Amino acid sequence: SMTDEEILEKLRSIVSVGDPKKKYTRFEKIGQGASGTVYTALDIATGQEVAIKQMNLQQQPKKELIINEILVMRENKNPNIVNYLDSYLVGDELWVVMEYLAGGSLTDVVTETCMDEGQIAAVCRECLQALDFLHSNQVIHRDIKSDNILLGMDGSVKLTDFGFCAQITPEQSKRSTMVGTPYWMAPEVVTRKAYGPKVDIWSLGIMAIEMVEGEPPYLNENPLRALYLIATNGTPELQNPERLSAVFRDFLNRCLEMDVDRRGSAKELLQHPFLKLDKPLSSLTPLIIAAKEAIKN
């Protein structure tokens, strides 16, 4: 419900002045998603290595949500949220400068290596802390999935990519926009119901399936087919559930409840006994290294 001009006016009011091509150098592309292309670069003045997300505003899936992105990343700082540094607007290109997490994304790990249950529990704990913080501040992320989870080389876990997020209010306490990535969407999203923060808990459940099986269900299917499969299959089935502990299977079942009221909240799932199996995050470091080497080769 915002025009292109209203969106650009709002973005201009919140970014810093200047052209960032004069402030950063030695760019190298490290990732790309539905909104932006992300580079490493060096701050010309200081030498710091940063990450820079470059977004072309007219090629955006929903233009006005980029406002929430900058606002949420800088107004809701937290140890499990990628650290915002700055933002710039050059006509129709928006840049967001943030800390660089050299371990890459959780996608790199789950597609190249096999996490054990203690490593999965550790990652789930960190993601649940982030979600409890966001949800308590009335932010729904709406795009939880492995490629939006960043890793430090020491195993630090940080949520990024707030470009689909919703800030919910008393007058609009639920959302109804079809937004997210189809394979990770909760059934109440795909069936076009009003929905709330627990859609992120479902998506976390699907990301935990990624940590087991390397990918979410139905990844090869056309998006509209996947949406119908989510609507009719309900709680997805694992290929080999007998390989997982009973306590881990219970955690998954509580993330992936069809009934929104039965589904765990972030605060509730932080008390789940599965998280007591967690290993130190430093245990991720050999998986991170092995994944980077495999991708390089």
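Heads up: residue numbers just count along the shown sequence, starting at 1.
Determine, for stretches 93 to 101 and 205 to 213, which one has the higher mean CA B-factor as deposited.
-> Per the PDB record, 93 to 101.
Taking only the CA atoms, which stretch has the higher mean B-factor in the record, 58 to 66 or 28 to 36?
-> Higher of the two, by average CA B-factor, is 58 to 66.
Of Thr235, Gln271, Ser265, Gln48, which one's C-alpha B factor is largest in the deposited record?
-> Highest C-alpha B-factor among the listed residues goes to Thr235.
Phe164 by Cα B-factor - lowest, middle or highest third of the modelled chain | It belongs to the lowest third of the chain when residues are ordered by C-alpha B-factor.
Relative C-alpha B-factor of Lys77, binned into the chain's lowest, middle or highest third | For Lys77, whose C-alpha B-factor we compare with every modelled residue in the chain, the answer is the middle third.
Tell me, lowest, middle or highest third: where does the Cα B factor of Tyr84 rank within its chain?
-> For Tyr84, the deposited C-alpha B-factor lands in the middle third.
State the tercile, meaning the lowest, middle or highest third, of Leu134 with respect to the CA B-factors recorded for its chain.
-> Lowest third, going by the recorded CA B-factors of the chain.
Which third of the chain does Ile52 land in by C-alpha B-factor: lowest, middle or highest?
-> As the PDB entry reports it, the C-alpha B-factor of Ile52 lands in the lowest third of its chain.
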